[PDB]
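Chemist: I am sharing query_18.pdb, which consists of PDB, C-alpha atoms (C1' of nucleotides) and all ligand atoms:
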ATOM      1  CA  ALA L   1      26.691 -10.440 -51.196  1.00  0.00           C
ATOM      2  CA  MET L   2      24.429 -11.537 -48.337  1.00  0.00           C
ATOM      3  CA  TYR L   3      23.744 -14.611 -46.195  1.00  0.00           C
ATOM      4  CA  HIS L   4      20.320 -16.211 -45.940  1.00  0.00           C
ATOM      5  CA  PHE L   5      19.573 -19.792 -44.945  1.00  0.00           C
ATOM      6  CA  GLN L   6      16.109 -21.056 -44.038  1.00  0.00           C
ATOM      7  CA  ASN L   7      15.235 -24.575 -42.909  1.00  0.00           C
ATOM      8  CA  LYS L   8      11.550 -25.494 -42.690  1.00  0.00           C
ATOM      9  CA  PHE L   9       9.169 -28.461 -42.790  1.00  0.00           C
ATOM     10  CA  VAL L  10       6.326 -28.975 -45.255  1.00  0.00           C
ATOM     11  CA  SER L  11       3.492 -30.395 -43.165  1.00  0.00           C
ATOM     12  CA  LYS L  12       0.007 -31.557 -44.143  1.00  0.00           C
ATOM     13  CA  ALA L  13      -1.158 -30.509 -40.681  1.00  0.00           C
ATOM     14  CA  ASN L  14      -1.056 -26.948 -42.013  1.00  0.00           C
ATOM     15  CA  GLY L  15      -2.740 -27.707 -45.332  1.00  0.00           C
ATOM     16  CA  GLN L  16       0.495 -27.925 -47.304  1.00  0.00           C
ATOM     17  CA  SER L  17       1.302 -30.278 -50.167  1.00  0.00           C
ATOM     18  CA  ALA L  18       4.440 -31.642 -51.810  1.00  0.00           C
ATOM     19  CA  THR L  19       2.723 -31.600 -55.203  1.00  0.00           C
ATOM     20  CA  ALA L  20       1.620 -28.002 -54.678  1.00  0.00           C
ATOM     21  CA  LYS L  21       5.071 -26.828 -53.566  1.00  0.00           C
ATOM     22  CA  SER L  22       6.888 -28.674 -56.354  1.00  0.00           C
ATOM     23  CA  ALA L  23       4.519 -27.112 -58.883  1.00  0.00           C
ATOM     24  CA  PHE L  24       4.676 -23.648 -57.327  1.00  0.00           C
ATOM     25  CA  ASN L  25       8.477 -23.654 -57.235  1.00  0.00           C
ATOM     26  CA  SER L  26       9.118 -25.275 -60.620  1.00  0.00           C
ATOM     27  CA  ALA L  27       6.327 -23.319 -62.329  1.00  0.00           C
ATOM     28  CA  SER L  28       4.844 -26.513 -63.761  1.00  0.00           C
ATOM     29  CA  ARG L  29       1.627 -28.547 -63.829  1.00  0.00           C
ATOM     30  CA  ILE L  30       1.658 -31.632 -61.598  1.00  0.00           C
ATOM     31  CA  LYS L  31      -1.200 -34.064 -60.964  1.00  0.00           C
ATOM     32  CA  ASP L  32      -2.054 -35.249 -57.461  1.00  0.00           C
ATOM     33  CA  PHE L  33      -3.522 -38.741 -57.730  1.00  0.00           C
ATOM     34  CA  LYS L  34      -4.950 -39.312 -54.250  1.00  0.00           C
ATOM     35  CA  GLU L  35      -6.993 -36.112 -54.591  1.00  0.00           C
ATOM     36  CA  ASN L  36      -7.417 -36.161 -58.383  1.00  0.00           C
ATOM     37  CA  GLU L  37      -6.562 -32.476 -58.740  1.00  0.00           C
ATOM     38  CA  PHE L  38      -4.115 -30.661 -60.996  1.00  0.00           C
ATOM     39  CA  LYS L  39      -1.600 -28.435 -59.236  1.00  0.00           C
ATOM     40  CA  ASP L  40      -1.129 -25.934 -62.052  1.00  0.00           C
ATOM     41  CA  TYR L  41       1.325 -23.145 -61.248  1.00  0.00           C
ATOM     42  CA  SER L  42       2.771 -22.942 -64.760  1.00  0.00           C
ATOM     43  CA  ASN L  43       1.941 -19.226 -64.780  1.00  0.00           C
ATOM     44  CA  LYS L  44       4.631 -18.638 -62.152  1.00  0.00           C
ATOM     45  CA  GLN L  45       8.322 -17.843 -62.599  1.00  0.00           C
ATOM     46  CA  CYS L  46      11.235 -20.295 -62.560  1.00  0.00           C
ATOM     47  CA  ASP L  47      14.623 -19.917 -64.237  1.00  0.00           C
ATOM     48  CA  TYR L  48      16.134 -23.310 -63.397  1.00  0.00           C
ATOM     49  CA  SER L  49      14.762 -26.672 -62.265  1.00  0.00           C
ATOM     50  CA  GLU L  50      16.460 -29.988 -61.535  1.00  0.00           C
ATOM     51  CA  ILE L  51      15.992 -33.110 -59.425  1.00  0.00           C
ATOM     52  CA  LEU L  52      19.159 -34.529 -57.887  1.00  0.00           C
ATOM     53  CA  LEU L  53      19.330 -38.153 -56.748  1.00  0.00           C
ATOM     54  CA  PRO L  54      21.572 -40.111 -54.354  1.00  0.00           C
ATOM     55  CA  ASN L  55      23.782 -43.011 -55.470  1.00  0.00           C
ATOM     56  CA  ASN L  56      21.373 -45.940 -55.147  1.00  0.00           C
ATOM     57  CA  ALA L  57      18.376 -44.176 -56.694  1.00  0.00           C
ATOM     58  CA  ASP L  58      16.337 -45.149 -59.746  1.00  0.00           C
ATOM     59  CA  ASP L  59      15.974 -42.782 -62.709  1.00  0.00           C
ATOM     60  CA  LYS L  60      12.231 -42.726 -62.010  1.00  0.00           C
ATOM     61  CA  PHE L  61      12.670 -40.121 -59.286  1.00  0.00           C
ATOM     62  CA  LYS L  62      13.952 -37.530 -61.768  1.00  0.00           C
ATOM     63  CA  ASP L  63      10.310 -37.120 -62.749  1.00  0.00           C
ATOM     64  CA  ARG L  64       8.747 -34.468 -60.530  1.00  0.00           C
ATOM     65  CA  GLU L  65       5.236 -35.904 -60.791  1.00  0.00           C
ATOM     66  CA  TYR L  66       6.128 -39.479 -59.829  1.00  0.00           C
ATOM     67  CA  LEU L  67       8.397 -38.404 -56.980  1.00  0.00           C
ATOM     68  CA  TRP L  68       6.004 -36.377 -54.830  1.00  0.00           C
ATOM     69  CA  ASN L  69       3.114 -38.772 -55.408  1.00  0.00           C
ATOM     70  CA  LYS L  70       5.389 -41.591 -54.287  1.00  0.00           C
ATOM     71  CA  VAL L  71       6.213 -39.428 -51.272  1.00  0.00           C
ATOM     72  CA  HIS L  72       2.558 -38.636 -50.549  1.00  0.00           C
ATOM     73  CA  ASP L  73       1.966 -42.387 -50.702  1.00  0.00           C
ATOM     74  CA  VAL L  74       4.341 -43.007 -47.799  1.00  0.00           C
ATOM     75  CA  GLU L  75       3.045 -39.917 -45.995  1.00  0.00           C
ATOM     76  CA  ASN L  76      -0.445 -41.397 -45.707  1.00  0.00           C
ATOM     77  CA  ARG L  77      -1.445 -39.361 -42.649  1.00  0.00           C
ATOM     78  CA  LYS L  78      -3.574 -36.245 -42.173  1.00  0.00           C
ATOM     79  CA  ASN L  79      -0.736 -34.585 -40.257  1.00  0.00           C
ATOM     80  CA  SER L  80       2.189 -36.159 -42.109  1.00  0.00           C
ATOM     81  CA  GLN L  81       5.228 -34.017 -42.859  1.00  0.00           C
ATOM     82  CA  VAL L  82       5.882 -34.658 -46.545  1.00  0.00           C
ATOM     83  CA  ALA L  83       9.142 -32.801 -47.181  1.00  0.00           C
ATOM     84  CA  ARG L  84      11.758 -30.316 -46.010  1.00  0.00           C
ATOM     85  CA  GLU L  85      12.173 -26.983 -47.767  1.00  0.00           C
ATOM     86  CA  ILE L  86      15.510 -25.186 -47.690  1.00  0.00           C
ATOM     87  CA  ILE L  87      15.751 -21.760 -49.291  1.00  0.00           C
ATOM     88  CA  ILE L  88      19.091 -20.013 -49.740  1.00  0.00           C
ATOM     89  CA  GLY L  89      20.063 -16.496 -50.754  1.00  0.00           C
ATOM     90  CA  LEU L  90      22.195 -16.325 -53.886  1.00  0.00           C
ATOM     91  CA  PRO L  91      24.739 -13.517 -54.505  1.00  0.00           C
ATOM     92  CA  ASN L  92      23.179 -11.042 -56.947  1.00  0.00           C
ATOM     93  CA  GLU L  93      26.536 -10.105 -58.483  1.00  0.00           C
ATOM     94  CA  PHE L  94      26.751 -13.595 -59.960  1.00  0.00           C
ATOM     95  CA  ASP L  95      25.708 -14.320 -63.529  1.00  0.00           C
ATOM     96  CA  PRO L  96      22.948 -16.965 -63.925  1.00  0.00           C
ATOM     97  CA  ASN L  97      25.373 -19.641 -65.162  1.00  0.00           C
ATOM     98  CA  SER L  98      27.617 -19.316 -62.102  1.00  0.00           C
ATOM     99  CA  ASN L  99      24.605 -18.922 -59.814  1.00  0.00           C
ATOM    100  CA  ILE L 100      23.331 -22.285 -61.031  1.00  0.00           C
ATOM    101  CA  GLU L 101      26.580 -24.170 -60.416  1.00  0.00           C
ATOM    102  CA  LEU L 102      26.741 -22.717 -56.906  1.00  0.00           C
ATOM    103  CA  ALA L 103      23.235 -23.842 -55.962  1.00  0.00           C
ATOM    104  CA  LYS L 104      23.759 -27.129 -57.796  1.00  0.00           C
ATOM    105  CA  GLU L 105      26.838 -28.001 -55.734  1.00  0.00           C
ATOM    106  CA  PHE L 106      25.247 -27.406 -52.331  1.00  0.00           C
ATOM    107  CA  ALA L 107      22.210 -29.415 -53.408  1.00  0.00           C
ATOM    108  CA  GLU L 108      24.459 -32.330 -54.363  1.00  0.00           C
ATOM    109  CA  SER L 109      25.963 -32.190 -50.879  1.00  0.00           C
ATOM    110  CA  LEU L 110      22.463 -32.995 -49.629  1.00  0.00           C
ATOM    111  CA  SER L 111      21.851 -35.834 -52.081  1.00  0.00           C
ATOM    112  CA  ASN L 112      25.145 -37.269 -50.836  1.00  0.00           C
ATOM    113  CA  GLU L 113      23.573 -37.887 -47.427  1.00  0.00           C
ATOM    114  CA  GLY L 114      21.462 -39.017 -49.295  1.00  0.00           C
ATOM    115  CA  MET L 115      18.168 -37.246 -49.894  1.00  0.00           C
ATOM    116  CA  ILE L 116      16.291 -36.468 -53.093  1.00  0.00           C
ATOM    117  CA  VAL L 117      16.507 -32.758 -53.862  1.00  0.00           C
ATOM    118  CA  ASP L 118      14.043 -30.820 -55.998  1.00  0.00           C
ATOM    119  CA  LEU L 119      16.123 -27.763 -56.889  1.00  0.00           C
ATOM    120  CA  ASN L 120      14.370 -24.654 -58.193  1.00  0.00           C
ATOM    121  CA  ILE L 121      16.007 -21.261 -58.684  1.00  0.00           C
ATOM    122  CA  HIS L 122      13.895 -18.102 -58.501  1.00  0.00           C
ATOM    123  CA  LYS L 123      14.338 -14.587 -59.916  1.00  0.00           C
ATOM    124  CA  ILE L 124      17.878 -14.499 -61.273  1.00  0.00           C
ATOM    125  CA  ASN L 125      18.921 -11.151 -62.789  1.00  0.00           C
ATOM    126  CA  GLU L 126      17.141  -9.541 -59.839  1.00  0.00           C
ATOM    127  CA  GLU L 127      17.995  -8.027 -56.468  1.00  0.00           C
ATOM    128  CA  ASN L 128      17.035 -11.188 -54.578  1.00  0.00           C
ATOM    129  CA  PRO L 129      18.114 -14.358 -56.391  1.00  0.00           C
ATOM    130  CA  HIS L 130      17.171 -17.334 -54.218  1.00  0.00           C
ATOM    131  CA  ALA L 131      16.932 -21.109 -54.542  1.00  0.00           C
ATOM    132  CA  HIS L 132      14.247 -23.375 -53.102  1.00  0.00           C
ATOM    133  CA  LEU L 133      15.246 -26.930 -52.199  1.00  0.00           C
ATOM    134  CA  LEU L 134      12.524 -29.525 -51.600  1.00  0.00           C
ATOM    135  CA  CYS L 135      14.090 -32.506 -49.846  1.00  0.00           C
ATOM    136  CA  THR L 136      12.647 -35.896 -48.903  1.00  0.00           C
ATOM    137  CA  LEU L 137      12.340 -36.823 -45.227  1.00  0.00           C
ATOM    138  CA  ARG L 138      13.110 -40.494 -45.857  1.00  0.00           C
ATOM    139  CA  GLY L 139      15.889 -42.477 -47.517  1.00  0.00           C
ATOM    140  CA  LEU L 140      15.767 -45.232 -50.125  1.00  0.00           C
ATOM    141  CA  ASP L 141      16.364 -48.936 -49.511  1.00  0.00           C
ATOM    142  CA  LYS L 142      17.561 -51.867 -51.625  1.00  0.00           C
ATOM    143  CA  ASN L 143      14.140 -52.063 -53.279  1.00  0.00           C
ATOM    144  CA  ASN L 144      13.912 -48.343 -54.068  1.00  0.00           C
ATOM    145  CA  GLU L 145      11.278 -47.858 -51.369  1.00  0.00           C
ATOM    146  CA  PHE L 146      11.180 -45.195 -48.656  1.00  0.00           C
ATOM    147  CA  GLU L 147      12.622 -46.265 -45.304  1.00  0.00           C
ATOM    148  CA  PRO L 148      10.769 -45.294 -42.110  1.00  0.00           C
ATOM    149  CA  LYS L 149      11.490 -41.993 -40.385  1.00  0.00           C
ATOM    150  CA  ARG L 150      11.198 -43.424 -36.907  1.00  0.00           C
ATOM    151  CA  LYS L 151      11.912 -46.390 -34.656  1.00  0.00           C
ATOM    152  CA  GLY L 152      10.095 -45.750 -31.388  1.00  0.00           C
ATOM    153  CA  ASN L 153      11.192 -42.257 -30.391  1.00  0.00           C
ATOM    154  CA  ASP L 154      14.567 -42.376 -32.135  1.00  0.00           C
ATOM    155  CA  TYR L 155      15.268 -41.315 -35.719  1.00  0.00           C
ATOM    156  CA  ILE L 156      16.648 -43.302 -38.649  1.00  0.00           C
ATOM    157  CA  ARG L 157      18.449 -40.360 -40.246  1.00  0.00           C
ATOM    158  CA  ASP L 158      20.255 -37.482 -38.539  1.00  0.00           C
ATOM    159  CA  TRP L 159      18.799 -34.945 -40.972  1.00  0.00           C
ATOM    160  CA  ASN L 160      16.606 -33.310 -38.319  1.00  0.00           C
ATOM    161  CA  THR L 161      19.175 -32.613 -35.602  1.00  0.00           C
ATOM    162  CA  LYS L 162      20.636 -29.280 -34.485  1.00  0.00           C
ATOM    163  CA  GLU L 163      24.133 -30.570 -35.240  1.00  0.00           C
ATOM    164  CA  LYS L 164      23.104 -31.317 -38.823  1.00  0.00           C
ATOM    165  CA  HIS L 165      21.195 -28.034 -38.991  1.00  0.00           C
ATOM    166  CA  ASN L 166      24.171 -25.965 -37.843  1.00  0.00           C
ATOM    167  CA  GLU L 167      26.425 -28.047 -40.090  1.00  0.00           C
ATOM    168  CA  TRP L 168      24.337 -27.192 -43.146  1.00  0.00           C
ATOM    169  CA  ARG L 169      24.456 -23.495 -42.272  1.00  0.00           C
ATOM    170  CA  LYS L 170      28.253 -23.536 -42.095  1.00  0.00           C
ATOM    171  CA  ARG L 171      28.424 -25.659 -45.243  1.00  0.00           C
ATOM    172  CA  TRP L 172      26.426 -23.111 -47.233  1.00  0.00           C
ATOM    173  CA  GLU L 173      28.786 -20.407 -46.002  1.00  0.00           C
ATOM    174  CA  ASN L 174      31.845 -22.362 -47.127  1.00  0.00           C
ATOM    175  CA  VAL L 175      30.431 -23.394 -50.504  1.00  0.00           C
ATOM    176  CA  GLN L 176      29.227 -19.872 -51.291  1.00  0.00           C
ATOM    177  CA  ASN L 177      32.498 -18.251 -50.211  1.00  0.00           C
ATOM    178  CA  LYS L 178      34.367 -20.744 -52.386  1.00  0.00           C
ATOM    179  CA  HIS L 179      32.415 -19.740 -55.490  1.00  0.00           C
ATOM    180  CA  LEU L 180      32.764 -16.078 -54.541  1.00  0.00           C
ATOM    181  CA  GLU L 181      36.540 -16.496 -54.580  1.00  0.00           C
ATOM    182  CA  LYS L 182      36.563 -18.615 -57.737  1.00  0.00           C
ATOM    183  CA  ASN L 183      34.713 -16.013 -59.809  1.00  0.00           C
ATOM    184  CA  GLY L 184      36.994 -13.245 -58.558  1.00  0.00           C
ATOM    185  CA  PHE L 185      35.204 -11.344 -55.803  1.00  0.00           C
ATOM    186  CA  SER L 186      36.706  -9.822 -52.668  1.00  0.00           C
ATOM    187  CA  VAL L 187      33.336 -10.238 -50.961  1.00  0.00           C
ATOM    188  CA  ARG L 188      32.714 -13.139 -48.578  1.00  0.00           C
ATOM    189  CA  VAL L 189      29.827 -14.204 -46.343  1.00  0.00           C
ATOM    190  CA  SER L 190      29.179 -15.365 -42.767  1.00  0.00           C
ATOM    191  CA  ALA L 191      26.473 -17.415 -41.052  1.00  0.00           C
ATOM    192  CA  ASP L 192      26.626 -16.395 -37.384  1.00  0.00           C
ATOM    193  CA  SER L 193      25.366 -13.208 -35.736  1.00  0.00           C
ATOM    194  CA  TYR L 194      26.033 -10.893 -32.775  1.00  0.00           C
TER     195      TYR L 194
ATOM    196  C1'  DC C   1      13.444 -34.373 -26.653  1.00  0.00           C
ATOM    197  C1'  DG C   2       9.706 -37.722 -24.490  1.00  0.00           C
ATOM    198  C1'  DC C   3       4.365 -36.655 -24.807  1.00  0.00           C
ATOM    199  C1'  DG C   4       0.068 -38.434 -27.006  1.00  0.00           C
ATOM    200  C1'  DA C   5      -2.108 -38.288 -31.572  1.00  0.00           C
ATOM    201  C1'  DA C   6      -2.442 -41.211 -35.682  1.00  0.00           C
ATOM    202  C1'  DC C   7      -1.695 -45.175 -38.001  1.00  0.00           C
ATOM    203  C1'  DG C   8      -2.815 -50.501 -39.538  1.00  0.00           C
ATOM    204  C1'  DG C   9      -6.031 -53.400 -38.976  1.00  0.00           C
ATOM    205  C1'  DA C  10     -10.059 -53.467 -36.428  1.00  0.00           C
ATOM    206  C1'  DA C  11      -6.216 -54.666 -30.234  1.00  0.00           C
ATOM    207  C1'  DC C  12      -3.100 -51.855 -28.804  1.00  0.00           C
ATOM    208  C1'  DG C  13       1.565 -52.098 -30.261  1.00  0.00           C
ATOM    209  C1'  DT C  14       3.926 -48.916 -33.242  1.00  0.00           C
ATOM    210  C1'  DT C  15       5.250 -44.974 -36.104  1.00  0.00           C
ATOM    211  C1'  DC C  16       4.917 -40.229 -36.008  1.00  0.00           C
ATOM    212  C1'  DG C  17       4.340 -34.508 -35.258  1.00  0.00           C
ATOM    213  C1'  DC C  18       6.658 -31.268 -32.832  1.00  0.00           C
ATOM    214  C1'  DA C  19      11.117 -28.550 -35.253  1.00  0.00           C
ATOM    215  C1'  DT C  20      16.714 -26.271 -34.857  1.00  0.00           C
ATOM    216  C1'  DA C  21      19.295 -20.339 -36.800  1.00  0.00           C
ATOM    217  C1'  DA C  22      18.304 -16.447 -38.784  1.00  0.00           C
ATOM    218  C1'  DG C  23      15.118 -12.018 -39.738  1.00  0.00           C
ATOM    219  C1'  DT C  24      17.328  -9.801 -45.973  1.00  0.00           C
ATOM    220  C1'  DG C  25      18.357  -8.191 -51.366  1.00  0.00           C
ATOM    221  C1'  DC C  26      11.740 -11.391 -47.293  1.00  0.00           C
ATOM    222  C1'  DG C  27       6.476 -10.551 -47.916  1.00  0.00           C
ATOM    223  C1'  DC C  28       0.418 -11.676 -47.436  1.00  0.00           C
TER     224       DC C  28
HETATM  225 CA    CA W   1      -1.753 -22.282 -38.507  1.00  0.00          CA
HETATM  226 CA    CA W   2      13.155 -23.755 -66.609  1.00  0.00          CA
HETATM  227 CA    CA W   3      20.222  -6.227 -59.068  1.00  0.00          CA
HETATM  228 CA    CA W   4      -6.912 -46.449 -41.969  1.00  0.00          CA
HETATM  229 CA    CA W   5      -3.045 -58.226 -46.542  1.00  0.00          CA
HETATM  230 CA    CA W   6     -14.192 -59.014 -30.562  1.00  0.00          CA
HETATM  231 CA    CA W   7      14.763 -29.833 -33.198  1.00  0.00          CA
HETATM  232 CA    CA W   8      13.246 -15.272 -50.384  1.00  0.00          CA
HETATM  233 CL    CL W   9       7.538 -17.561 -51.979  1.00  0.00          CL
HETATM  234 NI    NI W  10      10.847 -18.032 -54.186  1.00  0.00          NI
END
Rewrite the structure of this file - the entire thing - as structure tokens.
Ligand SMILES: [Ca+2]
Ligand SMILES: [Ca+2]
Ligand SMILES: [Ca+2]
Ligand SMILES: [Ca+2]
Ligand SMILES: [Ca+2]
Ligand SMILES: [Ca+2]
Ligand SMILES: [Ca+2]
Ligand SMILES: [Ca+2]
Ligand SMILES: [Cl-]
Ligand code: NI
Modeler:
Amino acid sequence: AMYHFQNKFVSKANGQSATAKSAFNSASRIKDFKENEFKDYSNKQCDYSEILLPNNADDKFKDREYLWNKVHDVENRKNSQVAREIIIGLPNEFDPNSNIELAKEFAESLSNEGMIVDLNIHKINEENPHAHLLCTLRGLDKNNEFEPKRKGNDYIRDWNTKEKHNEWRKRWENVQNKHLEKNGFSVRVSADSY
DNA sequence: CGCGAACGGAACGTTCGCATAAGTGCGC
């Protein structure tokens, strides 16, 4: 019954971590190898967790611990951006089961592009059901290795452009409105303002 | 987006950070 779409970067230049975020959002304990710490946020809340892969991805990446360590490996810089976090507002009139399928579908539209998505749904059965989406900033190659982000000043993927940003905003509107109609609600949602 | 910082390899050529719209039923 409300629109909310946030697109942000997870950067090490601000003391952030992919292992910390994945643990904080999934309410699990994940080991960081390069720092030999244990990111233990298992005392947090999380009602649904899933990792969604693109077509040419190995089943290894469905493990949350391996994934973000493999990512940190490629992001071997002190200012390296490790991931992209997308949080979305879920309609609070939805039951958990239908709220999952809604968030699951939009996440699969991202893995079709094709990123790896760490989907975690927070506080269902509450006033503000939302879903965090940790997405990789690189794609996979023929050898299941991360491709580079950059070639000179140009990008390899179009994931970081305004056109793709505004596309994702409109996509979340359409997907959400579709599920709102399917479950039998007269309520719809919009992305723009003014 | 073009700039300089940050890589790998131990020069300086090359990959990167930077970050979009939108402000609630947010939240330290
Ligand atoms: Ca700061
Ligand atoms: Ca769970
Ligand atoms: Ca409620
Ligand atoms: Ca070095
Ligand atoms: Ca060598
Ligand atoms: Ca010399
Ligand atoms: Ca931009
Ligand atoms: Ca929120
Ligand atoms: Cl939070
Ligand atoms: Ni949350």
Chemist: For the file shown, what are the residues hit by the PyMOL selection byres (((chain L and resi 22) around 9) and not hetatm), laid out as a list in words?
Modeler: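 Applying the PyMOL selection byres (((chain L and resi 22) around 9) and not hetatm) to the structure shown produces residues 17, 18, 19, 20, 21, 23, 24, 25, 26, 27, 28, 30, 39, 64, 65, 68, 118, 120 and 134 of chain L.
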Chemist: Calculated over all atoms listed in the file, which of the candidates C:18, C:11, C:23, C:6 has the smallest distance to ligand CA 6 (chain W)?
Modeler: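 Once distances to ligand CA 6 (chain W) are computed over all atoms listed in the file, the minimum belongs to C:11.
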Chemist: How many Å separate atom CA of residue L:133 from atom CA of residue L:87?
Modeler: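 Going from atom CA of residue L:133 over to atom CA of residue L:87, I get 6.0 Å.
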Chemist: Could you spell out the hits of the PyMOL selection byres ((chain C) within 10 of (chain L)) on the shown file, as a PyMOL selection string?
Modeler: chain C and resi 1-2+5-7+14-17+19-26
Chemist: Could you jot down the atom CA of residue L:32 to atom CA of residue L:131 separation for me, Å, one decimal place?
Modeler: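 If I compute the distance from atom CA of residue L:32 to atom CA of residue L:131, I get 23.9 Å.
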Chemist: In Å, how far is it from atom CA of residue L:31 to atom CA of residue L:54?
Modeler: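 According to the coordinates, atom CA of residue L:31 and atom CA of residue L:54 are separated by 24.5 Å.
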Chemist: With all atoms of stretch 1-10 of chain C from the file as input, state the centre and edge lengths in Å to one decimal of the axis-aligned box that has 3 Å extra on each side, as lines of an AutoDock Vina configuration file.
Modeler:
center_x = 1.7
center_y = -43.9
center_z = -32.0
size_x = 29.5
size_y = 25.1
size_z = 21.0
Chemist: Evaluate the PyMOL selection byres (((chain L and resi 103) around 9) and not hetatm) on the structure here and hand back the selected residues as a list in words.
Modeler: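 Going through the file, the PyMOL selection byres (((chain L and resi 103) around 9) and not hetatm) ends up selecting residues 88, 90, 98, 99, 100, 101, 102, 104, 105, 106, 107, 108, 119, 121, 131 and 176 of chain L.
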Chemist: Could you save those same residues with C-alpha atoms as a compact mmCIF listing (two decimals), in the coordinates of the input?
Modeler:
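The new file selection_36.txt reads:
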# COMPACT_ATOMS: atom_id res chain seq x y z
CA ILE L 88 19.09 -20.01 -49.74
CA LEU L 90 22.20 -16.32 -53.89
CA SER L 98 27.62 -19.32 -62.10
CA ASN L 99 24.60 -18.92 -59.81
CA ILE L 100 23.33 -22.28 -61.03
CA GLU L 101 26.58 -24.17 -60.42
CA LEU L 102 26.74 -22.72 -56.91
CA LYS L 104 23.76 -27.13 -57.80
CA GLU L 105 26.84 -28.00 -55.73
CA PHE L 106 25.25 -27.41 -52.33
CA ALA L 107 22.21 -29.42 -53.41
CA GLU L 108 24.46 -32.33 -54.36
CA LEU L 119 16.12 -27.76 -56.89
CA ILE L 121 16.01 -21.26 -58.68
CA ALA L 131 16.93 -21.11 -54.54
CA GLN L 176 29.23 -19.87 -51.29
Chemist: Would you list the residues that come within 7 Å of ligand CA 2 (chain W)? Count all atoms listed in the file and give the answer as a short mmCIF file (atom, residue, chain, number, x, y, z; two decimals) with C-alpha atoms, in the coordinates of the input.
Modeler:
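Output below, filename selection-v2.cif:
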data_model
loop_
_atom_site.label_atom_id
_atom_site.label_comp_id
_atom_site.auth_asym_id
_atom_site.auth_seq_id
_atom_site.Cartn_x
_atom_site.Cartn_y
_atom_site.Cartn_z
CA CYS L 46 11.24 -20.30 -62.56
CA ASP L 47 14.62 -19.92 -64.24
CA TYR L 48 16.13 -23.31 -63.40
CA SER L 49 14.76 -26.67 -62.26
#
Chemist: Given the choices L:123, L:109, L:115, L:52, which gets closest to ligand CL 9 (chain W) if the distance is worked out from only C-alpha atoms and all ligand atoms?
Modeler: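 Under the stated criterion, the closest residue is L:123.
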Chemist: Give the answer as one residue: which of L:124, L:95, L:61, L:34 has the shortest atom-to-atom distance to ligand CA 8 (chain W), using only C-alpha atoms and all ligand atoms?
Modeler: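 Checking each of L:124, L:95, L:61, L:34 against ligand CA 8 (chain W), counting only C-alpha atoms and all ligand atoms, the winner is L:124.
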Chemist: Please list as a PDB file with C-alpha atoms, keeping the file's coordinate frame every residue within 7 Å of residue L:82, counting all atoms listed in the file and excluding residues in the same chain fewer than 5 positions away.
Modeler:
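Saved file selection-v9.pdb follows:
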ATOM      1  CA  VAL L  10       6.326 -28.975 -45.255  1.00  0.00           C
ATOM      2  CA  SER L  11       3.492 -30.395 -43.165  1.00  0.00           C
ATOM      3  CA  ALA L  18       4.440 -31.642 -51.810  1.00  0.00           C
ATOM      4  CA  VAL L  71       6.213 -39.428 -51.272  1.00  0.00           C
ATOM      5  CA  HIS L  72       2.558 -38.636 -50.549  1.00  0.00           C
ATOM      6  CA  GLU L  75       3.045 -39.917 -45.995  1.00  0.00           C
ATOM      7  CA  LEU L 137      12.340 -36.823 -45.227  1.00  0.00           C
TER       8      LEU L 137
END
